[PDB]
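Below is one structure, written out as structure tokens, with a few remarks after it.
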Amino acid sequence: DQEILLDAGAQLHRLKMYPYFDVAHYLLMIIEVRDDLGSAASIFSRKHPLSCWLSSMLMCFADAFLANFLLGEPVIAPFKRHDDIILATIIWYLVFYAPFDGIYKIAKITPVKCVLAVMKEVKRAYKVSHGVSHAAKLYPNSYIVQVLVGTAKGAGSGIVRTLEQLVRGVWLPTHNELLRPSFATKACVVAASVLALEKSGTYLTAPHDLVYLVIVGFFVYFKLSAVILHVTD
Amino acid sequence: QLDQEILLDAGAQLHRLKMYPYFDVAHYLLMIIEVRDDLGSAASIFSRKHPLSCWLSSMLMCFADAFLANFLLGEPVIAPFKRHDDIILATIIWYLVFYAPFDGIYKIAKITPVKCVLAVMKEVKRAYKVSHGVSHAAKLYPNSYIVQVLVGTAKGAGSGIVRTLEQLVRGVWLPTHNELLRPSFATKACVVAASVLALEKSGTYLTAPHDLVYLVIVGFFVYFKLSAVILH
Amino acid sequence: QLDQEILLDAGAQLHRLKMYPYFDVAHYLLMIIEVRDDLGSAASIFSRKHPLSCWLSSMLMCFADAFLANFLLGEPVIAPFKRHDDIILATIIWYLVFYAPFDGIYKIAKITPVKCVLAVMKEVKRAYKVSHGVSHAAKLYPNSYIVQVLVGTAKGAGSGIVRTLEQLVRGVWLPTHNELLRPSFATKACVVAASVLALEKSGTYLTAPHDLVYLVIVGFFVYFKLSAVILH
Ligand SMILES: CCCCCCCCCCO[C@@H]1O[C@H](CO)[C@@H](O[C@H]2O[C@H](CO)[C@@H](O)[C@H](O)[C@H]2O)[C@H](O)[C@H]1O
Ligand SMILES: [Ca+2]
């Protein structure tokens with residue numbers, strides 16, 4: 001059975017994010033930006049589009065904004081990648097202005113959400129990885145920094161969310177999407193510890209493709225266990 | 001016929017026109033005035049009991065756009081405190097608005113006409129700012145037009161964000177930011193303007209001297225501000 | 001002649017004095033105790049149930065001045081996490097203050113004598129911070145003296161800003177940042193000792209021994225801290 005696994009991992013590693021995983025992410029995030037505008041969503045979206053778009057972009061690339069800040073790199077940075085900004089703006093356009101509010105309505109249907117919900121955990125596992133990597137690039141010896149920046153990209157979307165609100169002058173602790181994503185932060189810490197530990201090389205043995213597999217496996221295990229344990233109540 | 005002519009003259013002298021030291025004293029003046037007004041009934045006893053804290057905030061607001069521009073571009077937010085000239089001039093105005101004899105400087109700025117010129121002057125400077133924002137940005141990311149747009153807009157409208165973080169840090173909240181509700185259009189003005197300049201620099205499809213456009217946009221920043229001064 | 005030598009010898013030894021680890025275990029010690037208290041009644045449950053959050057909240061407060069300093073200067077704010085020996089030591093004090101057996105380390109720090117001892121050392125530690133802030137600012141921009149001062153003051157008495165933003169992100173507003181009234185003399189003392197050291201390095205307007213002047217401030221920060229315990 002092993003073979004097939006190392007084939008799973010070797011492929012996983014090669015798996016690109018653009019554009020399906022991205023659009024899954026951008027989709028879930030912006031649908032939330034909308035959902036949180038409370039009843040005001042409809043009116044605000046129509047009279048303050050830029051202000052609305054900006055809030056959506058902050059949440060789509062929140063992990064980057066956060067890492068950059070942590071790393072002394074220019075926060076504006078995420079706006080160089082025209083590819084991503086475009087795609088997200090499109091997804092942004094649809095969630096707020098799609099005809100017959102279709103796209104919004106389709107994502108909200110149970111089976112679909114779940115696909116997305118999973119796809120996203122793959123994109124997260126990916127971010128946790130690229131964080132620890134970039135971290136170890138600039139600071140190969142400082143493991144803590146690697147683990148933080150990793151956990152930063154894996155779960156720091158909440159912080160950017162809080163900051164955006166405090167600036168819009170609105171407090172909204174519905175910060176409980178699922179009361180479960182709290183698993184996200186701990187998961188991202190261990191997930192990052194490992195990759196951080198593995199890159200140093202000093203103490204663990206097994207192929208990256210195989211370990212990264214198990215962590216993406218877990219992320220998906222839980223984000224499902226959050227979807228499936230919510231539904232029974 | 002005659003209208004096309006007159007366009008070039010203003011630009012030349014406009015572009016030659018240094019904001020310093022009069023536009024800076026206009027701007028500083030208004031900003032530090034506002035810092036004093038939002039200080040409410042307290043303002044009076046605060047300025048005297050905590051001159052430094054009073055100063056910093058005033059400093060923060062005079063150069064707010066700078067502090068933001070830097071942060072966004074990774075640059076040291078401390079940098080504005082380097083230009084010793086700007087800080088000295090500003091601090092003077094600061095000193096006046098809060099401690100002028102018979103609080104004269106403050107009042108003279110209050111009258112409908114004066115306060116209206118200080119404001120029209122501030123509009124040119126703001127444009128001056130959106131210009132420098134787009135340029136410095138384009139200089140670093142010659143082809144990341146969004147970034148340039150954002151930074152220019154930040155440069156021309158970002159005072160609000162700094163204002164907010166300062167209050168948060170001081171544990172106080174006043175959503176009454178929009179003294180006028182044009183400033184939500186002001187930012188929009190800055191956004192369209194900034195992205196106009198971002199286009200010029202790209203060098204794609206555009207015919208008009210640089211001295212011609214800076215003046216055309218000023219007409220709009222002044223027009224929106226004037227449309228805000230006439231009504232109420 | 002007879003006693004002119006006793007004071008000159010103290011400046012050389014203070015210069016020889018390391019901060020690690022007896023001063024740090026004081027500073028980290030105090031800082032982390034405050035983190036604990038502020039969690040209020042829930043402090044107990046929260047520390048057991050959310051050890052990580054609690055830890056990061058601590059580290060933020062132990063190295064606050066660094067974070068603020070880095071941020072200001074344009075440097076990577078995550079930087080102070082590279083110093084393993086510190087995070088290591090600081091984490092121990094953290095472990096102790098929160099989960100010590102019979103909670104001894106915490107109690108010991110509570111007695112008026114010990115809290116007093118620690119209080120002073122930390123003050124030496126501050127002196128230290130103010131210094132390097134002025135230094136490192138001067139290293140990069142030795143002519144911009146304001147920056148050297150803000151950065152010195154930030155470094156010296158800026159943990160309050162970090163505390164504020166930490167609460168804002170935690171969704172709590174415990175504005176009673178006011179433990180003692182001294183942390184109000186703390187920021188000003190830091191502002192002076194900053195401008196004094198920023199002057200020294202300029203050397204342009206006065207000559208004085210580096211070990212005497214540094215020794216005087218260290219005593220002055222301790223003076224104000226003593227006045228808090230001996231006067232009230
Ligand atoms: C070397 C690796 C170490 C780096 C790891 C990064 C640190 C992890 C931070 C996540 O910790 C979070 O802290 C929050 C505090 O803001 C908790 O809020 C929770 O608990 C609070 C009370 O303490 C409630 O007010 C909130 O509603 C509730 O969500 C949240 O659950 C917890 O996940
Ligand atoms: Ca509140």
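The way I read the labels, and the way they are meant: chains A, B, ... in the order of the structure tokens, residue 1 as the first residue of every chain, and ligand 1 as the first ligand shown, with later ones counted on from there.
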Could you list, as a ChimeraX atom specification, all protein and nucleic acid residues with an atom at most 9 Å from ligand 2, counting only C-alpha atoms and all ligand atoms? /A:166,169-171 /B:171-173 /C:168,171-173
What residues in chain B lie within 7 Å of chain C, counting only C-alpha atoms, written as a PyMOL selection string? chain B and resi 74-78+81-82+169
Show me, as a list in words, the residues that have an atom within 12 Å of residue 112 of chain B when counting only C-alpha atoms, minus same-chain residues fewer than 5 positions from it.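 Contacts, with the query itself left out: residues 107, 117, 118, 119, 229, 230 and 232 of chain B.
Near chain B, counting only C-alpha atoms at 10 Å, the chain A residues are residues 48, 50, 51, 65, 68, 69, 71, 72, 73, 74, 75, 76, 77, 78, 79, 80, 81, 82, 85, 163, 166, 167, 168 and 169 of chain A.
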Given a cut-off of 7 Å, what residues near ligand 1 show up using only C-alpha atoms and all ligand atoms, put as number ranges by chain? A: 144, 147-148, 151, 182, 185-186, 189; C: 46, 50, 52-53, 56, 169-171
Residues just named, written with N, CA, C and O atoms as a PDB file, in the first residue's frame:
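Okay, this is what ended up in again20.pdb:
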```
ATOM      1  N   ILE A 144      11.964  28.846  16.158  1.00  0.00           N
ATOM      2  CA  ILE A 144      10.770  29.477  16.697  1.00  0.00           C
ATOM      3  C   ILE A 144      10.178  30.407  15.625  1.00  0.00           C
ATOM      4  O   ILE A 144       8.999  30.307  15.297  1.00  0.00           O
ATOM      5  N   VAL A 147       8.403  28.430  13.117  1.00  0.00           N
ATOM      6  CA  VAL A 147       7.133  27.922  13.593  1.00  0.00           C
ATOM      7  C   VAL A 147       6.060  29.035  13.679  1.00  0.00           C
ATOM      8  O   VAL A 147       4.898  28.798  13.350  1.00  0.00           O
ATOM      9  N   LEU A 148       6.438  30.243  14.099  1.00  0.00           N
ATOM     10  CA  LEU A 148       5.476  31.345  14.200  1.00  0.00           C
ATOM     11  C   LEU A 148       4.962  31.790  12.856  1.00  0.00           C
ATOM     12  O   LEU A 148       3.758  31.858  12.653  1.00  0.00           O
ATOM     13  N   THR A 151       2.645  29.125  11.522  1.00  0.00           N
ATOM     14  CA  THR A 151       1.363  29.202  12.209  1.00  0.00           C
ATOM     15  C   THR A 151       0.693  30.496  11.794  1.00  0.00           C
ATOM     16  O   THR A 151      -0.527  30.629  11.825  1.00  0.00           O
ATOM     17  N   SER A 182     -10.717  26.509  16.172  1.00  0.00           N
ATOM     18  CA  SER A 182      -9.722  26.789  17.204  1.00  0.00           C
ATOM     19  C   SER A 182      -8.695  25.679  17.018  1.00  0.00           C
ATOM     20  O   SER A 182      -7.542  25.792  17.442  1.00  0.00           O
ATOM     21  N   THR A 185      -5.523  26.756  14.795  1.00  0.00           N
ATOM     22  CA  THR A 185      -4.287  27.301  15.354  1.00  0.00           C
ATOM     23  C   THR A 185      -3.347  26.271  15.964  1.00  0.00           C
ATOM     24  O   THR A 185      -2.145  26.319  15.720  1.00  0.00           O
ATOM     25  N   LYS A 186      -3.871  25.336  16.750  1.00  0.00           N
ATOM     26  CA  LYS A 186      -3.000  24.327  17.345  1.00  0.00           C
ATOM     27  C   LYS A 186      -2.460  23.440  16.233  1.00  0.00           C
ATOM     28  O   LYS A 186      -1.261  23.161  16.181  1.00  0.00           O
ATOM     29  N   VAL A 189       0.260  24.955  14.548  1.00  0.00           N
ATOM     30  CA  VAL A 189       1.498  25.035  15.304  1.00  0.00           C
ATOM     31  C   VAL A 189       2.238  23.704  15.122  1.00  0.00           C
ATOM     32  O   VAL A 189       3.355  23.686  14.587  1.00  0.00           O
TER      33      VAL A 189
ATOM     34  N   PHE C  46      -7.904  30.067  32.248  1.00  0.00           N
ATOM     35  CA  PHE C  46      -7.279  30.455  30.980  1.00  0.00           C
ATOM     36  C   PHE C  46      -5.851  29.970  30.743  1.00  0.00           C
ATOM     37  O   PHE C  46      -5.498  29.602  29.626  1.00  0.00           O
ATOM     38  N   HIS C  50      -5.493  27.318  27.953  1.00  0.00           N
ATOM     39  CA  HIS C  50      -4.903  27.923  26.751  1.00  0.00           C
ATOM     40  C   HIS C  50      -3.451  28.301  26.977  1.00  0.00           C
ATOM     41  O   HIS C  50      -3.060  29.457  26.792  1.00  0.00           O
ATOM     42  N   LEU C  52      -0.715  28.075  25.247  1.00  0.00           N
ATOM     43  CA  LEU C  52      -0.029  28.765  24.158  1.00  0.00           C
ATOM     44  C   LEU C  52      -0.360  30.240  24.059  1.00  0.00           C
ATOM     45  O   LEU C  52       0.535  31.083  24.017  1.00  0.00           O
ATOM     46  N   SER C  53      -1.648  30.550  23.992  1.00  0.00           N
ATOM     47  CA  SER C  53      -2.068  31.933  23.885  1.00  0.00           C
ATOM     48  C   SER C  53      -1.405  32.692  25.017  1.00  0.00           C
ATOM     49  O   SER C  53      -0.744  33.716  24.811  1.00  0.00           O
ATOM     50  N   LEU C  56       2.396  33.346  24.444  1.00  0.00           N
ATOM     51  CA  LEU C  56       2.628  34.381  23.449  1.00  0.00           C
ATOM     52  C   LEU C  56       2.254  35.764  24.011  1.00  0.00           C
ATOM     53  O   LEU C  56       2.889  36.772  23.697  1.00  0.00           O
ATOM     54  N   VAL C 169      -6.597  43.121  20.285  1.00  0.00           N
ATOM     55  CA  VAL C 169      -6.736  41.911  19.491  1.00  0.00           C
ATOM     56  C   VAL C 169      -7.401  40.774  20.271  1.00  0.00           C
ATOM     57  O   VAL C 169      -8.003  39.878  19.669  1.00  0.00           O
ATOM     58  N   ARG C 170      -7.299  40.816  21.599  1.00  0.00           N
ATOM     59  CA  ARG C 170      -7.899  39.795  22.461  1.00  0.00           C
ATOM     60  C   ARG C 170      -9.345  40.119  22.772  1.00  0.00           C
ATOM     61  O   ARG C 170     -10.023  39.346  23.440  1.00  0.00           O
ATOM     62  N   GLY C 171      -9.804  41.272  22.304  1.00  0.00           N
ATOM     63  CA  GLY C 171     -11.177  41.659  22.545  1.00  0.00           C
ATOM     64  C   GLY C 171     -11.458  41.984  23.994  1.00  0.00           C
ATOM     65  O   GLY C 171     -12.487  41.599  24.544  1.00  0.00           O
TER      66      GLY C 171
END
```
Neighbouring residues of segment 89-95 of chain C were defined as those with any atom within 12 Å, considering only C-alpha atoms; residues of the same chain fewer than 6 positions away were excluded. Please report them as a PyMOL selection string. chain C and resi 20-36+47-48+51-52+54-63+80-81+83+101+103-106+109
For residue 230 of chain A, please output as a list in words all residues within 10 Å (counting only C-alpha atoms; exclusion window: fewer than 5 positions along the same chain).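 Result of the neighbour search: residues 178, 179, 180, 224 and 225 of chain A.
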Can you measure atom CA of residue 186 of chain C to atom CA of residue 157 of chain C for me? One decimal in Å is fine. 6.3 Å
Contacts of residue 36 of chain A within 12 Å, only C-alpha atoms, excl. fewer than 3 positions in-chain, as a VMD selection string: chain A and resid 29 to 33 39 to 42 44 to 45 52 55 to 56 161 165 170 to 177
Give me, as a PyMOL selection string, the residues of segment 53-174 of chain C that a backbone DSSP run labels alpha helix (DSSP H). chain C and resi 53-62+64-73+84-99+104-110+112-140+145-157+159-170
Please write the residues from the selection above to a file, keeping C-alpha atoms, as a CSV table (one decimal), in the first residue's frame.
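Once written, selection06.csv looks like this:
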```
chain,number,residue,atom,x,y,z
C,53,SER,CA,-2.1,31.9,23.9
C,54,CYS,CA,-1.0,32.7,27.4
C,55,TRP,CA,2.6,32.2,26.6
C,56,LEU,CA,2.6,34.4,23.4
C,57,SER,CA,0.8,37.1,25.4
C,58,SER,CA,3.8,36.9,27.9
C,59,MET,CA,6.6,37.0,25.3
C,60,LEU,CA,4.9,40.0,23.7
C,61,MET,CA,5.2,41.8,27.0
C,62,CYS,CA,8.7,40.6,27.9
C,64,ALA,CA,7.6,44.6,24.0
C,65,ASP,CA,10.1,47.4,23.6
C,66,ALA,CA,12.0,45.4,21.0
C,67,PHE,CA,8.8,44.8,18.9
C,68,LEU,CA,7.8,48.4,19.2
C,69,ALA,CA,11.4,49.5,18.4
C,70,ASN,CA,11.7,47.1,15.4
C,71,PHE,CA,8.3,48.1,14.1
C,72,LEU,CA,9.2,51.9,14.3
C,73,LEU,CA,12.6,51.4,12.7
C,84,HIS,CA,16.7,31.5,21.7
C,85,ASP,CA,18.5,32.1,25.1
C,86,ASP,CA,16.0,34.9,25.9
C,87,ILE,CA,12.8,33.2,24.7
C,88,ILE,CA,14.2,30.2,26.6
C,89,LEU,CA,14.8,32.2,29.9
C,90,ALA,CA,11.6,34.2,29.5
C,91,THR,CA,9.6,31.0,28.9
C,92,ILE,CA,11.0,29.6,32.1
C,93,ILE,CA,9.9,32.6,34.1
C,94,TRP,CA,6.6,32.3,32.3
C,95,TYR,CA,6.3,28.6,33.2
C,96,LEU,CA,7.2,29.5,36.8
C,97,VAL,CA,4.9,32.5,37.3
C,98,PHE,CA,1.9,30.5,35.9
C,99,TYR,CA,2.4,26.8,36.9
C,104,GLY,CA,5.8,29.7,45.0
C,105,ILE,CA,7.7,31.9,42.5
C,106,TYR,CA,4.6,34.0,42.1
C,107,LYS,CA,4.0,34.5,45.9
C,108,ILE,CA,7.7,35.2,46.6
C,109,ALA,CA,7.4,38.1,44.1
C,110,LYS,CA,4.4,39.4,46.0
C,112,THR,CA,6.9,44.0,49.6
C,113,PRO,CA,10.7,43.4,49.9
C,114,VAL,CA,11.1,41.2,46.8
C,115,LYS,CA,8.6,43.1,44.6
C,116,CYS,CA,10.8,46.0,45.7
C,117,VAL,CA,14.1,44.4,44.8
C,118,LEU,CA,12.8,43.4,41.4
C,119,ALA,CA,11.2,46.8,40.8
C,120,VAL,CA,14.6,48.5,41.0
C,121,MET,CA,16.6,46.1,38.8
C,122,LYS,CA,14.0,46.4,36.1
C,123,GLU,CA,14.6,50.1,36.3
C,124,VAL,CA,18.3,49.6,35.6
C,125,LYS,CA,17.1,47.3,32.8
C,126,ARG,CA,15.0,50.2,31.5
C,127,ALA,CA,18.0,52.5,31.5
C,128,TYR,CA,19.7,49.9,29.5
C,129,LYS,CA,16.9,49.8,26.9
C,130,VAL,CA,16.6,53.6,26.6
C,131,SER,CA,20.3,53.6,25.9
C,132,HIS,CA,20.5,51.0,23.1
C,133,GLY,CA,17.4,52.5,21.5
C,134,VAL,CA,19.3,55.8,21.2
C,135,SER,CA,22.3,54.0,20.2
C,136,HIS,CA,20.9,51.8,17.4
C,137,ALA,CA,18.9,54.8,16.0
C,138,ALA,CA,22.1,56.8,15.9
C,139,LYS,CA,23.9,53.9,14.3
C,140,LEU,CA,21.5,54.1,11.3
C,145,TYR,CA,18.3,63.2,16.7
C,146,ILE,CA,14.5,63.1,17.2
C,147,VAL,CA,14.3,59.6,15.8
C,148,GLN,CA,17.1,58.6,18.2
C,149,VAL,CA,14.9,60.0,21.0
C,150,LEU,CA,11.5,58.6,20.0
C,151,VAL,CA,13.2,55.2,19.5
C,152,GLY,CA,14.9,55.6,22.9
C,153,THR,CA,11.7,56.5,24.6
C,154,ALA,CA,9.8,53.7,22.7
C,155,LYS,CA,12.5,51.3,23.8
C,156,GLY,CA,12.3,52.6,27.3
C,157,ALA,CA,8.7,53.2,28.2
C,159,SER,CA,5.4,48.5,26.5
C,160,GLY,CA,2.1,50.2,27.1
C,161,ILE,CA,1.5,50.5,23.4
C,162,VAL,CA,2.0,46.8,22.9
C,163,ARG,CA,-0.2,46.0,25.9
C,164,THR,CA,-3.0,48.1,24.3
C,165,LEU,CA,-2.8,46.4,20.9
C,166,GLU,CA,-2.6,43.0,22.6
C,167,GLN,CA,-5.9,43.7,24.5
C,168,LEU,CA,-7.5,45.1,21.4
C,169,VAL,CA,-6.7,41.9,19.5
C,170,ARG,CA,-7.9,39.8,22.5
```
Test item: residues at most 12 Å from residue 201 of chain A, only C-alpha atoms, excluding those fewer than 4 positions along its chain, as a list in words: residues 136, 140, 141, 143, 194, 195, 196, 197, 205, 206, 207 and 208 of chain A
